[PDB]
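Before any questions on how it binds or moves, here is one chain, the form deposited in one PDB entry, in structure tokens.
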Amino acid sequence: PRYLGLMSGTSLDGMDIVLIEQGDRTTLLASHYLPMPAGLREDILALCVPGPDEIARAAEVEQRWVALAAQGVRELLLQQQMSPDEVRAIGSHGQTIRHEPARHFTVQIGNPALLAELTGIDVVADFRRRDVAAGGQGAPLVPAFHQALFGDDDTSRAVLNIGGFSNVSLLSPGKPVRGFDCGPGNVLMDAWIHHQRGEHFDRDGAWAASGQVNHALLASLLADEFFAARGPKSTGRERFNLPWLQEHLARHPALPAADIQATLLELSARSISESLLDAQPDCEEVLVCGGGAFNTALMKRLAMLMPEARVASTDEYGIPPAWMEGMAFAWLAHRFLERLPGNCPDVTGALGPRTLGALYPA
């Protein structure tokens, strides 16, 4: 059977649409990227902070989100010369607008009934909430998929997503899959360069690379309680955001903006490397996915901070780093429909294995 996966992550760069075949293997068949319209991007970011009239605002924003998703699905199908009927189901994450696992809730918008109506394909959606209901963080969910791809008897591996947020899957032989969110990935580097220069992101980490790390600031940032925590943990824009950074910056006289950028890159690399090696000290291979894999400067620093391990993108292993998250949700649709568990209890802290998501039939 073939499955579509739809992901729109933290970074709000665009929508990912993937087509896989699931048999004994998971094979990527096709992909399609649609950049996020600037208006829709702003309207989603506006829902990530508490504000007024959120029920109505969210209901309208998610109509536009779903329409874009359905358009992307249509475009992939046309490109591949396939009918919808050839696809078993779409696995749709939706869009996170609030993540408060401490308060036992997570909010992904993306009106699945409307996605089913527009695409003519069954939709499996709302994957995180059964994990949270069972006492879990609800995140990260990719570890079960990372296992399916890269679980190796002889090799101690970390599979590292660097999206807006970073998260790692620890694949240790003869051990439960573990993992967690490491902290910020691209989110603060993207925020800072956009705040300062109106750029979307820091191309190849060049701006960061042109600056010097500021020790006082780095120490300030790394002392956030999130970094000290071990075991299951998940985060989001609730914690790591421009106001948070500004608060730290206020405690010292002004710095060059590129030094701040440089420190933000070091924050990402340090929080990742230290949480990864704290959990899996005998790691021999770090398999990097997400768009952070294209930040040359970041990838260099990760290799330096983890000299024991080979740091490489998943491309080496036949999986494009950009499409890993899309692939995961396609996979999760399959897991739903076969009634196999989608969470990893030692990742999320949930009471046990759970079937994740909900079916909206065409």
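Here the rigid core means the biggest group of C-alpha atoms that line up within 1.5 Å when the two forms are laid on top of each other. One-based numbering along the sequence shown.
Note that the form deposited in another entry isn't included here; everything after this is about it.
J.: Quick one: core overlaid, is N214 moving 2 Å or more at the Cα between this form and the one not shown?
T.: The answer is yes; the displacement is at least 2 Å.
J.: Taking the rigid core as reference, does the Cα of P50 move 2 Å or more between this form and the one not shown?
T.: It does not, since the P50 C-alpha is displaced less than 2 Å between this form and the one not shown after the core fit.
J.: Pin down for me whether the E21-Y317 Cα distance shrinks or grows in the other form relative to this form (closer or farther, change of 3 Å or more).
T.: Closer together, which means the C-alphas of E21 and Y317 are at least 3 Å nearer in the other form.
J.: Quick one: with a 3 Å or larger change, is the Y317 to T26 CA distance smaller or larger in the other form? Answer closer or farther.
T.: Between the C-alphas of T26 and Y317, the gap narrows in the other form (3 Å or more compared with this form).
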